[PDB]
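Reconstructed Cβ throughout: ideal geometry from the backbone, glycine too, with neighbour counts over all protein chains shown. FYI, it's all coordinate maths here, none of it is from the lab.
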Amino acid sequence: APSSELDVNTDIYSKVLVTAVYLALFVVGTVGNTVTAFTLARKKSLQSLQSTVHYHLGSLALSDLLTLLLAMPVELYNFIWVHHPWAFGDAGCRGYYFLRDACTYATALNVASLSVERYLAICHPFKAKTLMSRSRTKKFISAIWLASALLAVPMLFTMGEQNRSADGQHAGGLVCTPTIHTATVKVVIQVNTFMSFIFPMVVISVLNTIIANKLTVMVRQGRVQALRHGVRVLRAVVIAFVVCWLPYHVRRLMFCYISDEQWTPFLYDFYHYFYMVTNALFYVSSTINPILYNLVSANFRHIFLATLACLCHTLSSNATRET
Amino acid sequence: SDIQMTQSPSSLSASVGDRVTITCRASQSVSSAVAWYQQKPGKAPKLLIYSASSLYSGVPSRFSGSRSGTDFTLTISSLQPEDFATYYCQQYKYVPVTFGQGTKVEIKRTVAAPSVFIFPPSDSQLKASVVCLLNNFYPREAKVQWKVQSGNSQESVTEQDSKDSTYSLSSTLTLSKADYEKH
Amino acid sequence: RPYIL
Amino acid sequence: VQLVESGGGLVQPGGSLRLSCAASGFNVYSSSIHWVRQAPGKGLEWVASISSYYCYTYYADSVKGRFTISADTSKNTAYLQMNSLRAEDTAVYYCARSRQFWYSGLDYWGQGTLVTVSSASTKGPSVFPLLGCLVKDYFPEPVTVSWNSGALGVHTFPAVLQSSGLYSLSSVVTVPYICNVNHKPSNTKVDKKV
Amino acid sequence: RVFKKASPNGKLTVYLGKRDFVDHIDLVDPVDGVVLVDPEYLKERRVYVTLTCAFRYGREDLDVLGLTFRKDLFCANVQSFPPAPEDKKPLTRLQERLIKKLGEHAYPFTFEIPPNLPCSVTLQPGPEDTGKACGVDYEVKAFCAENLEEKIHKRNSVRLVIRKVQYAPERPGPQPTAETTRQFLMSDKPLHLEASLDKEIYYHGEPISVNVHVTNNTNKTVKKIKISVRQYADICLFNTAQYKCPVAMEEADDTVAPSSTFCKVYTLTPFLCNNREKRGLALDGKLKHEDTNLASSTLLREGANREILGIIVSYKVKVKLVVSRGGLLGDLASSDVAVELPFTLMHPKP
């Protein structure tokens, strides 16, 4: 058979359940990002509004919407068409993996920007407003977008299209493999690992730990319940970020480190299941953020509820008269 | 915050130029929100005194007053003939808004015996009532002696007639047919 | 062995 | 500055009416509008208040649930709609204006209008000689009387309310004639010899 | 009439002449009063009297879950028990009467007011009330302690809230007027929009009248006239920025023919109840959460030319003439020709 080497073995009921979870998380994340954009437009009438927070929130929402909208069709095609992993040409594969890695870098830089913004807001309240402006915020957003676009560049050079089926001339066997030697591709993968997961994990962990300690000390040396929810969110963000964004590079390290004499069919199917769990964790990471924003913010919660409705001791003083 | 404001007296006799002192005692503490108005018969009232010490613009200087505790005294140093009107005290601090009772300033005159006229029932009334007409008397309190048991009598009193500062009463006693021969 | 990176 | 009440007169219990208060020489944005009532034999008591700048409307306890009020700020005209009329609502209604920025008390006044709530119909007077000449069983007030066609010791007494709901008038002449009684609400001219 | 406030212990009682202090640019109303203490109770302790000022800066993130940062602009403190011999020797009539009435149990105090302090202006509360307000707070506080740096005692402290009050000036200037001219590359003919006010000085409760004149020398047809009354409330200390708070708006649909003139007097009435519970609106300070009016315009000396921490209130009206021909800048595009004009809205004292 031409596609005899492309058969990947998995439970069909697990595929149906993961597909349903993917569709549910996609719809929830899309509605969340759309309502986030609507609240971002609706809050322009506030006179004391901090426009830089609006810029960072809008950039993060745009990044989450773009990652979900790009991620859903190609991942559904890869998961359903196991006998035909990429019908499209090399240009489409390079463009889509470039855009996916660039959007990953953009949402990582947006989360890091929100973290350093709240770090400056809590640790140094004077400098957070004295040394910041909306023009510098827009410059930083454009700079991090350009940095993501520049860091996504090696995906356009070190990966291309090859036929790896039993039939050397078969449309079903087209697959995105590296065209350059494995050593330099693994170098590129390690650089994308360091820039994609390790550095924002260190930044987010250190900043959220410092913010948790500053909130613990400042308010002590319903407010206690608010501080407890603050600490819980600051821990949950770091924990969810690690457990969602680790397999993005763990799958690539598993691919590049395991040699040909070490691969087993068990490792092949575990790699495919791990890629499925990786994409599920990507959907969880892109879905939990509007729910968390609804949880932490009362105004955003109220406007989201309005959107859902649209869809469906003191002592009295005395006085004396001079006589 | 229902404050019972007791104004005293209900009426007083005085002459022109006398110093008239009228008291208004609140049931609760009213620190400064004290006002006094003057109403004429058939006319809208005007504002005389405001905030217990300030004289309202357009009001003559002869009207003053002072407060002790909850009891305010309105003082007229020189009573005028045009001041023979009704005075009201008022508070404007607490909800609901309360008001006084009304003090009418009357002309102090000598005591005069009434001219009493007895009017028997008529044929039209029979197909009864008797009338006592009291002319040219002072003060307003006087004994009405019926020509004859007390029936239903509608005593009517006029405004003080400025020609001689006297009063006039018309007391109409409605009776039955059996009382015609008695009266 | 897997074929896609 | 003028304040003109309009809409009074004789109404029936259980009915409804609209009492207006037209204004000139000011704007209601600078003032608070108060309504007070003078019952016969009683003093002034508060009824309702509107604060246009604050936009706060306050109602007396005796009028809550039956009466309502609004105001036209483009005409400065108060519009009090009265419903569920009772006999105790018969009174002279005064519309008044106070300063909002400083509570100077009652400042501007109209002359007020009389409202009488009674189910009794209009009835002509009964006029008879008594020397006096009494007028009874007439409705509504007022009535006028001319003694000897105005040529004539005359004592004119204020009208009182009878137990039947009708009005009576005591008019006598002190003498050691002609009684022309003009009931203006019914235009009834009774020429009685005395 | 004078005001009094007693301690929870009842041994300390502060008598002040009034709570509202009316100042001007040059003349200020000084702070005077007395404090009565118990000499047989407050033994071996020190009693101090201070006039304090604070601001509680608020943020949208802080409103959801935050602690209001309180900053003290100024703080002056004097010693009241034992009395300082370097204090003011003569007494005012208030202080003379209070000393003659109370005897040796009461001690007087006076405080001065610098002319560069913000007025007692607060911000509009949100839908949910924290119970602590936001704006410029003034208080007079007397306290008793052995140690000056003890800030934990409550029962020997008396605090009274006061308000900084400014009165409308009685010397108005000329009628304010403004004019703007608009020219485009697509249409070289000018559009002249002029607006004038009937008075410069306004009282609280007085509606505004504006004479609007339009000179249209081009082929464009005027679509609408939007007159917007805004509060330009600026805090220098918080940031170098000024909010443009909405207060009133009037949209008139009177059109103007092209190449023609138009003149019309419009009347605007800024109802407060329309702007109920709108964040960013500054109002005059009040005690015990009572009702209050719009914040009065802040009078600032031209000679000083110095910034002021806290809330500086100023009112301006803009006349936006929305005019459109169609096709020159787009089929659905329009030109909004706007000019601003300042005005002063305060409350008279007498």
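Can you return the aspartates and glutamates within cross-link range of residue A:15? Criterion is Cα-Cα under 18 Å, with same-chain partners fewer than 8 residues away left out.
Within reach: A:7, A:75, A:269.
Starting with the fewest neighbours, write out A:133, B:77, E:228, B:150 ranked by other beta-carbon atoms found within 10 Å of each beta-carbon.
B:150, B:77, A:133, E:228
Counting only other chains, and only Cβ atoms inside 10 Å, what mean value do you get across the residues of E:152-159? Write down the numbers at each step before the final one.
On the way: counts 0, 0, 0, 0, 0, 0, 0, 0.
Counting Cβ atoms of other protein chains within 10 Å of each residue's Cβ and averaging gives 0.
Using only the alpha carbons of the stretch D:87-162, what is the convex hull's orientation-averaged projected area in square nanometres?
The orientation-averaged projected area of the Cα hull of the stretch D:87-162 comes to 8.6 nm².
Among the listed pairs B:40/B:163; E:43/E:151; A:44/E:264; B:93/E:132, which have their C-alpha atoms separated by more than 24 angstrom in this model?
Long pairs (Cα-Cα over 24 Å): A:44/E:264; B:93/E:132.
Which pairs in the list D:42/D:136; E:199/E:244; A:43/D:75; B:143/D:193; E:164/E:199 are over 30 Å apart, alpha-carbon to alpha-carbon?
Values: D:42/D:136 25 Å; E:199/E:244 23 Å; A:43/D:75 37 Å; B:143/D:193 32 Å; E:164/E:199 26 Å.
Where the Cα-Cα span goes over 30 Å, the pairs concerned are A:43/D:75; B:143/D:193.
In vacuum, with every alpha carbon of the stretch E:24-148 counted as one equal point scatterer, what does the Debye formula give for log10 I(q)/I(0) at q = 0.11, 0.21, 0.22, 0.23 Å⁻¹? Two decimals, please.
Values returned for q = 0.11, 0.21, 0.22, 0.23 Å⁻¹ are -0.54, -1.19, -1.26, -1.32.
Hey, what do the phi angles of the stretch A:65-80 turn into as Karplus ³J(HN,Hα) couplings, whole Hz, using 6.51/-1.76/1.60 and θ = phi - 60°, x for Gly and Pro?
5, 5, 5, 5, 5, 6, 6, 4, x, 5, 5, 5, 5, 5, 7, 7
At 0.36 nm per residue, and after removing the present C-alpha to C-alpha distance, how many nm does the segment from residue E:304 to residue E:124 gain when stretched out fully?
Contour length minus Cα-Cα distance gives 61.8 nm.
Unpartnered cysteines of chain E (Cβ-Cβ under 4.7 Å counts as a partner)?
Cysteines of chain E left without a disulfide-compatible partner: E:53, E:75, E:119, E:134, E:144, E:236, E:245, E:263.
Taking every DSSP beta bridge that has both residues in the protein assembly as shown, what percent is antiparallel when rounded to the nearest 5?
Around 95 percent antiparallel, to the nearest 5.
Find how many whole Å separate the alpha carbon centroid of the stretch E:236-250 from the alpha carbon centroid of the stretch E:296-350.
The distance from the Cα centre of the stretch E:296-350 to that of the stretch E:236-250 comes to 10 Å.
Using packing as a proxy for protection, rank E:123-134, A:292-303 so that the peptide with the highest average count of other Cβ atoms within 10 Å comes first.
A:292-303, E:123-134
Dimensions of the stretch E:259-310 along principal axes (Cα, Å, largest first)?
Sorted from largest, the Cα extents of the stretch E:259-310 read 54, 37, 16 Å.
Could you tell me the extents of the protein assembly as shown's C-alpha atoms along the three principal axes, largest first, rounded to whole Å?
In descending order, the Cα extents are 149, 80, 68 Å.
First obtain the Kirkwood hydrodynamic radius of chain A from its Cα pairs, then insert it into the Stokes-Einstein equation at 4 °C and 1.567 mPa s, and state the resulting D in µm² per second as a whole number.
Translational D for this selection: 57 µm²/s.
Averaged across orientations, what area in nm² does the convex hull of the alpha carbons in the stretch E:51-112 project?
Averaged projected area of the stretch E:51-112's Cα convex hull equals 6.7 nm².
If r is the Cβ-Cβ distance from residue D:27 to residue A:235 and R0 is 45 Å, what FRET efficiency results, to the nearest 0.05?
According to the calculation, E is roughly 0.15.
Ratio of the stretch D:35-113's C-alpha Rg to 2.2 N^0.38 Å, to two decimals?
Values: Rg = 12.9 Å, N = 79, 2.2 N^0.38 = 11.6 Å.
With N residues counted in the stretch D:35-113, Rg over 2.2 N^0.38 Å equals 1.12.
Once label points are set 7 Å from the Cα along Cα→Cβ at both residue E:237 and residue E:179, what is their separation, rounded to one decimal in nm?
Those two pseudo-labels are separated by 4.3 nm.
Compute the distance in nm between two label points, each set 7 Å from the Cα along the Cα-to-Cβ direction, one at residue E:199 and one at residue A:198.
Each label point lies 7 Å from its Cα, and together they span 7.5 nm.
Apply the a/c threshold of 1.5 to the C-alpha gyration tensor of the stretch E:8-79 and tell me whether it is rounded, prolate or oblate. Provide the component values of the computation, followed by the final result.
Working: a/c = 2.68, a/b = 1.41, b/c = 1.90.
Here the stretch E:8-79 falls in the oblate category.
Which semi-axes, in whole Å and largest first, does the equivalent ellipsoid of the stretch D:126-193 have when worked out from the alpha carbon gyration tensor as the square roots of 5 times its eigenvalues?
Values: eigenvalues 78, 37, 18 Å².
So the three semi-axes of the stretch D:126-193 are 20, 14, 9 Å.
Taking the Cα centre of each part, how many Å lie between the stretch E:75-118 and the stretch E:177-212?
Centre-to-centre (Cα) distance: 52 Å.
What does the convex hull of the Cα atoms come to per residue for the stretch B:5-107, in Å³?
Here the figure is 96 Å³ per residue.
Nearest 10 degrees, 0 to 90: what angle lies between the long axis of helix E:93-102 and the longest principal axis of chain E (Cα atoms)?
Helix E:93-102 and the main axis of chain E meet at about 30 degrees.
Give me the percent relative contact order of chain E, please, defined on Cα pairs under 8 angstrom at least 6 residues apart.
Value for chain E: 18 percent.
Just to verify a number: FRET efficiency for residue A:206 and residue A:295, C-beta to C-beta distance, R0 = 30 Å, to 0.05?
0.80
Over all alpha-carbon pairs in chain B, figure out the percentage whose distance exceeds 20 Å.
Roughly 63 percent, rounded to a whole number.
Please figure out what share of the DSSP beta bridges in chain E is antiparallel and state it in percent, rounded to the nearest 5.
Taking every DSSP beta bridge with both residues in chain E, the antiparallel ones total about 95 percent.
To the nearest 0.05, how large is the calculated FRET efficiency for residue A:305 and residue E:277 if R₀ is 22 Å and r is the Cβ-Cβ distance? Intermediate values should be presented prior to the final figure.
Numbers: r = 18 Å, r/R0 = 0.82.
The pair residue A:305/residue E:277 has a calculated efficiency of 0.75.
Arranged from highest to lowest average of other beta-carbon atoms within 10 Å per residue, in what order do the peptides A:106-112, E:58-64 appear?
So the peptides A:106-112, E:58-64, ranked by packing, come out A:106-112, E:58-64.
Along each principal axis of its Cα atoms, how long is the stretch B:115-183 end to end? Whole angstroms, biggest number first, please.
Here the spans come out as 40, 24, 17 Å, largest first.
Reachable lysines from residue A:127, Cα under 23 Å, same-chain residues fewer than 8 places away excluded?
A:138, A:139, A:214, E:71
How are the Cα pair distances of chain D distributed, in percent, across 5 Å bins from 0?
With a bin width of 5 Å, the distribution comes to 1, 7, 14, 16, 14, 11, 10, 9, 8, 6, 3, 1, 0, 0.
Post the alpha-carbon centroid distance, the stretch A:169-230 to the stretch B:50-119, in whole angstrom.
A separation of 86 Å, based on Cα centres.
How many Cβ atoms of partner chains, on average, are near each residue of E:272-280 if near means within 10 Å of its Cβ? Before the final figure, lay out each step's value.
Numbers: counts 7, 6, 1, 0, 1, 0, 3, 6, 5.
For peptide E:272-280, the averaged partner shielding equals 3.
Can you give the calculated 222 nm mean residue ellipticity of chain E, where each DSSP H run of n ≥ 4 adds -39,500 (n - 2.57) and the sum is split over every residue, rounded to the nearest 500 deg cm²/dmol?
-1000 deg cm²/dmol
Out of the DSSP beta bridges found with both residues in chain B, what percent are antiparallel (nearest 5)?
Here the antiparallel bridges make up roughly 95 percent for chain B.
Kirkwood hydrodynamic radius, chain E, all distinct C-alpha pairs: what's the number in Å?
By the Kirkwood definition, the hydrodynamic radius is 23.8 Å.
Place a point 7 Å from Cα of residue E:91 in the direction of its Cβ. Which residues in the stretch A:306-323 have their backbone N less than 16 Å from it?
Backbone N within reach: A:322-323.
Just tell me how shielded D:131-143 is by partners: mean number of partner chain Cβ atoms within 10 Å of each residue's Cβ, no decimals. Don't skip to the answer; put the middle values down first.
Values: counts 3, 7, 1, 8, 0, 4, 0, 0, 0, 0, 0, 0, 0.
Mean partner shielding for this stretch: 2.
Rank A:45, E:232, D:16 by how far each Cα sits towards the positive end of the charge dipole of the protein assembly as shown (+1 on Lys, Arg Cβ; -1 on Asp, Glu Cβ) and give me just the farthest.
Value: D:16.
Please report the orientation-averaged projected area of the stretch E:206-324, defined via the convex hull of its C-alpha atoms, in nm². Mind dumping the intermediate values first?
Working: hull surface 41.1 nm².
For the stretch E:206-324, the mean projected area of the Cα convex hull comes to 10.3 nm².
Test of understanding: ordering B:24, A:312, E:236 by Cβ neighbours within 10 Å, fewest first, what list do you get? Walk me through the intermediate numbers first.
Details: B:24 27, A:312 5, E:236 16.
Ordered by Cβ neighbours within 10 Å, fewest first: A:312, E:236, B:24.
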